[PDB]
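Colleague: Take a look at the following structure, please.
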Amino acid sequence: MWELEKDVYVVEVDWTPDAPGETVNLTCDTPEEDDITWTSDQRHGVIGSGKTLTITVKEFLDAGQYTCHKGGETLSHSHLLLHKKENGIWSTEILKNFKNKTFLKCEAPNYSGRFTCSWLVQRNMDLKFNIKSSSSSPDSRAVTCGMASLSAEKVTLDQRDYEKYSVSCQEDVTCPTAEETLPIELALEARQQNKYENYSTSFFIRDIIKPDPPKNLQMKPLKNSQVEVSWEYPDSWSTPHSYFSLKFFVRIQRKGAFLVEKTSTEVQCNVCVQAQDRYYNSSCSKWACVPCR
Amino acid sequence: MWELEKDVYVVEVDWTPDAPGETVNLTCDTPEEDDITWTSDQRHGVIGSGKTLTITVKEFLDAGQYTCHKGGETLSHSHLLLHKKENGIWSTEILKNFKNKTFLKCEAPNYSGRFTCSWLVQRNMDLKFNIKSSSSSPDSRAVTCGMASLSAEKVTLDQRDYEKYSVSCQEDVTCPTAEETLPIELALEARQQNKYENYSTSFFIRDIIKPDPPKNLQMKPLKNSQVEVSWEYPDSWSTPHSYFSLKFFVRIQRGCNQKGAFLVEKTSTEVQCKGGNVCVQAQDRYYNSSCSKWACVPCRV
Ligand SMILES: *[C@@H]1O[C@H](CO)[C@@H](O[C@@H]2O[C@H](CO)[C@@H](O[C@@H]3O[C@H](CO[C@H]4O[C@H](CO[C@H]5O[C@H](CO)[C@@H](O)[C@H](O)[C@@H]5O)[C@@H](O)[C@H](O[C@H]5O[C@H](CO)[C@@H](O)[C@H](O)[C@@H]5O)[C@@H]4O)[C@@H](O)[C@H](O[C@H]4O[C@H](CO)[C@@H](O)[C@H](O)[C@@H]4O)[C@@H]3O)[C@H](O)[C@H]2NC(C)=O)[C@H](O)[C@H]1NC(C)=O
Ligand SMILES: *[C@@H]1O[C@H](CO)[C@@H](O[C@@H]2O[C@H](CO)[C@@H](O[C@@H]3O[C@H](CO[C@H]4O[C@H](CO)[C@@H](O)[C@H](O[C@H]5O[C@H](CO)[C@@H](O)[C@H](O)[C@@H]5O)[C@@H]4O)[C@@H](O)[C@H](O[C@H]4O[C@H](CO)[C@@H](O)[C@H](O)[C@@H]4O)[C@@H]3O)[C@H](O)[C@H]2NC(C)=O)[C@H](O)[C@H]1NC(C)=O
């Protein structure tokens, strides 16, 4: 057993059919010692007595809020969370894994340090999330995450849909030109009723880069059918643009798209264009399209 | 009065004609209390007695090394330095100021944190220097300076020459990309015989930048008299070169000397000279800091 927060405890449990439950002692935080009574928010009536209650916790009915009582007045109360372990494996039932069997998908528009992570949920009901820096050493990269939000978009995998969640985070210390020598190691804590699970990931910001679409994609004709198309870097992108250079791909929407490093080209013809980091093969941006007219 | 180092004290003195000198008590660092006598390395014979010597210090003869004695044997000794103050202003007589009336001139070849400061001296005799971080707060910029060295070069100002000194320094904490939020505050301690003075300066490394000359300035002709000249960034310059960009100036030889040079951001150009020298200097693309020394080659093919 281990403490998640004040008077909230997590109990690791083996979920095999004939598993021996964990015996856990829960003492009351009070000076009195007589007439002490215990109750549960799952079971009806008195389920124990004495300042310290000793119980065998295997099923979820053994979880919930345990309250002390003496002489009709309430005292302290402790909460028990369950962490399932089946076949030696920690349960992964709150989250729905992506096609690649991973759970967390993060993406960043620039090297500033800001990024967002998102996840899927199997059933959006009675959920509680909490994200933080896994490693807490001095030579670790400190991260300050925001609050998790339910997304309007519903992902469709197999032939089934799933609600998506998302959270924004910012990296504490940065020196933009420098190379990242160790990754950002994250850990997601998930609660659902009295079930506890947690998911971890490590990554470098460079691998999660996804620029924003190019702005002001304008047109100007020249001669019969030939036309020059121009645009400009997005406002979100890192500066200076001489350092965070970009390579753009140009396709024609009625793969086979051709790369152009300048911010304009002439071609005969929808005209769609996406962006990518010039020097690193990171994720490309969303397409910015305009009619070939 | 205040202690500079073990048994070396500094005495601030008002140098007006009729100023009352500061009376300072000097006790001996010894357990004995009898038969105690004092001497000076300036005055002849015994100049005092008693465990504690009380004197009025106004002129420089009142300075120097004061030694204790008992029965012909030497005891401890303390050294006194004077800081002159005239019309409320602290004296600046050991160093010779540059044309711009400043005393310290520093220059750095890159944003690494390394840089050097130099000064002139009025009389190169019996000198002792020491440079350090003036502010000693947590949010100050810590700097580790070296030892002052006599330079071979002798500057000539007006119609008179002066010996030059220089010292190299490195900033404790650095992050090439980092923004400068507070300046480097330095302080030079200068000693000359029994005279004490000190000079202070504040600056951002960006303002003292002076790049090294561009390397490998090659030529290759093309057409009549026309020829393309190419080069590359100096090895000393900060990396990556994509971030620490430069602006180059190109002149034709028959801080920044900006009279008939034309700017070129690329590392090569084509130009007509048909003989002579082609000189080129460098500068930071984004900041108007000091330019580098010229790199010249003959316009020959
Ligand atoms: C560049 O050059 C300038 C010019 O030389 C130089 O400037 C000076 O810097 C030095 C060192 O930083 C300063 O010296 C310090 O002065 C401190 C203050 O001293 C005064 O106040 C004392 C008050 O004592 C009373 O009040 C307290 C209240 O708390 C009480 O307890 C006491 O009992 C007492 O009642 C006073 O006593 C003292 O008097 C002495 O000095 C005067 C002359 O100033 C003299 O006339 C007296 O006879 C007597 O000798 C003075 O008036 C002082 O506290 C400090 O010393 C302590 O702290 C150090 C910390 O390291 C301890 O090691 C040490 O043991 C003491 O506890 C120190 O002496 C000096 O005042 C500056 N002068 C000026 C004009 O600014 C710069 O530093 C140079 N720059 C660089 C980078 O080198
Ligand atoms: C993701 O999910 C996993 C799975 O739940 C989390 O894993 C566990 O993390 C916790 C917290 O980091 C670990 O707990 C600690 O355990 C150590 C060591 O305890 C062991 O050795 C002791 C030797 O003296 C022994 O006494 C302990 O015995 C008790 O526990 C066992 C069960 O392990 C039980 O059977 C006994 O009856 C006892 O009750 C145990 O064998 C312990 O020293 C730690 O104590 C410190 O922290 C507590 C909490 O504040 C504090 O009160 C103490 O004073 C002390 O400062 C702490 O309890 C646990 O071991 C991990 N388990 C596994 C399998 O890895 C993981 O943390 C999650 N990740 C994230 C990022 O949250």
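Each chain in the structure tokens gets a letter, A, B, ..., in the order shown, and its residues are numbered from 1; ligands are numbered from 1 in order too.
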With a distance threshold of 12 Å and counting only C-alpha atoms, extract the residues of chain A near chain B and express them as a ChimeraX atom specification.
Modeller: /A:173-179,239-245,279
Colleague: Can you write just those residues out, N, CA, C and O atoms, as a CSV table (one decimal), in the first residue's frame?
Modeller:
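Below you can see again-v5.csv, which holds the result:
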chain,number,residue,atom,x,y,z
A,173,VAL,N,13.0,24.7,-18.2
A,173,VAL,CA,14.2,25.2,-18.6
A,173,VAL,C,14.5,24.9,-20.1
A,173,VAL,O,14.3,23.8,-20.5
A,174,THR,N,15.0,25.9,-20.8
A,174,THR,CA,15.2,25.8,-22.2
A,174,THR,C,16.5,26.6,-22.5
A,174,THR,O,16.9,27.6,-21.8
A,175,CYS,N,17.2,26.2,-23.6
A,175,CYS,CA,18.2,27.0,-24.3
A,175,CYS,C,18.0,26.6,-25.7
A,175,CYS,O,18.7,25.7,-26.2
A,176,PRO,N,17.2,27.3,-26.5
A,176,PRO,CA,16.8,26.8,-27.8
A,176,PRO,C,17.8,26.1,-28.7
A,176,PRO,O,17.5,25.1,-29.3
A,177,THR,N,19.0,26.7,-29.0
A,177,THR,CA,19.9,26.0,-29.9
A,177,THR,C,20.4,24.7,-29.4
A,177,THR,O,20.8,23.8,-30.3
A,178,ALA,N,20.5,24.5,-28.1
A,178,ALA,CA,21.1,23.3,-27.6
A,178,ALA,C,20.3,22.0,-27.9
A,178,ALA,O,19.1,22.0,-28.1
A,179,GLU,N,21.1,20.9,-28.0
A,179,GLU,CA,20.7,19.6,-28.2
A,179,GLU,C,20.1,19.0,-26.9
A,179,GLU,O,20.6,19.3,-25.8
A,239,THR,N,11.5,31.3,-33.8
A,239,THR,CA,12.3,32.3,-34.4
A,239,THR,C,13.7,32.3,-33.9
A,239,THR,O,13.9,31.8,-32.7
A,240,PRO,N,14.7,32.7,-34.6
A,240,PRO,CA,14.6,33.2,-36.0
A,240,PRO,C,14.4,32.2,-37.1
A,240,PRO,O,14.8,31.0,-36.9
A,241,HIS,N,13.8,32.6,-38.2
A,241,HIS,CA,13.4,31.6,-39.2
A,241,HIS,C,14.6,31.2,-40.0
A,241,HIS,O,14.6,30.1,-40.7
A,242,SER,N,15.7,31.9,-39.9
A,242,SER,CA,17.0,31.5,-40.5
A,242,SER,C,17.6,30.3,-39.9
A,242,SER,O,18.2,29.5,-40.5
A,243,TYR,N,17.3,30.1,-38.6
A,243,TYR,CA,17.7,28.9,-37.9
A,243,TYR,C,16.7,27.7,-38.0
A,243,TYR,O,17.1,26.6,-38.3
A,244,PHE,N,15.5,28.0,-37.6
A,244,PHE,CA,14.4,27.0,-37.7
A,244,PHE,C,13.8,27.0,-39.1
A,244,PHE,O,12.7,27.4,-39.4
A,245,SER,N,14.7,26.5,-40.0
A,245,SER,CA,14.3,26.5,-41.4
A,245,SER,C,13.3,25.4,-41.7
A,245,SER,O,13.2,24.5,-40.9
A,279,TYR,N,15.7,20.3,-41.6
A,279,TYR,CA,16.9,19.5,-41.3
A,279,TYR,C,16.6,18.2,-40.6
A,279,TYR,O,17.4,17.3,-40.6
Colleague: Pick out the residues sitting within 12 Å of residue A:4, and hand them over as JSON, numbers by chain; count only C-alpha atoms, and ignore anything fewer than 4 positions along from it in its own chain.
Modeller: {"A": [8, 9, 10, 11, 78, 79, 80, 81, 82, 130, 189, 190, 191, 196, 197]}
Colleague: Within 7 Å of ligand 1, which residues show up when you count only C-alpha atoms and all ligand atoms? List them as a list in words, please.
Modeller: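 Checked against 7 Å with only C-alpha atoms and all ligand atoms; the hits are residues 1, 2, 10, 12, 22, 24, 83, 134, 187, 189, 197 and 198 of chain B.
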Colleague: With C-alpha atoms kept, could you save the residues just selected as a CSV table (one decimal), in the first residue's frame?
Modeller:
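File produced: selection_33.csv:
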chain,number,residue,atom,x,y,z
B,1,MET,CA,40.1,51.8,7.7
B,2,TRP,CA,39.5,48.4,6.2
B,10,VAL,CA,43.5,50.7,3.4
B,12,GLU,CA,40.7,56.7,3.1
B,22,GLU,CA,42.2,60.2,10.3
B,24,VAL,CA,44.0,55.1,13.5
B,83,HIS,CA,43.0,56.2,-1.1
B,134,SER,CA,32.1,43.7,-8.0
B,187,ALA,CA,36.0,46.1,-10.5
B,189,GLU,CA,41.9,47.1,-7.9
B,197,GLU,CA,42.6,53.2,-6.3
B,198,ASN,CA,39.8,51.2,-7.8
Colleague: Using only C-alpha atoms and all ligand atoms, find each protein or nucleic acid residue lying at most 7 Å from ligand 2; present the set as a ChimeraX atom specification.
Modeller: /A:1-3,10,12,22-24,83,134,187,189,197-198
Colleague: Which residues, written as a ChimeraX atom specification, have at least one atom at most 10 Å from residue B:285, with only C-alpha atoms counted and residues fewer than 2 positions away on the same chain left out?
Modeller: /B:244-248,265,282-283,287-289
Colleague: Any idea what the distance is between atom CA of residue A:182 and atom CA of residue A:135?
Modeller: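 Result for atom CA of residue A:182 versus atom CA of residue A:135: 11.5 Å, one decimal.
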Colleague: Nearest residue to residue B:97 out of B:257, B:78, B:174, B:118, using only C-alpha atoms?
Modeller: B:118
Colleague: Report, in Å with one decimal, the straight-line distance from atom CA of residue A:204 to atom CA of residue A:274.
Modeller: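 Going from atom CA of residue A:204 over to atom CA of residue A:274 covers 22.6 Å.
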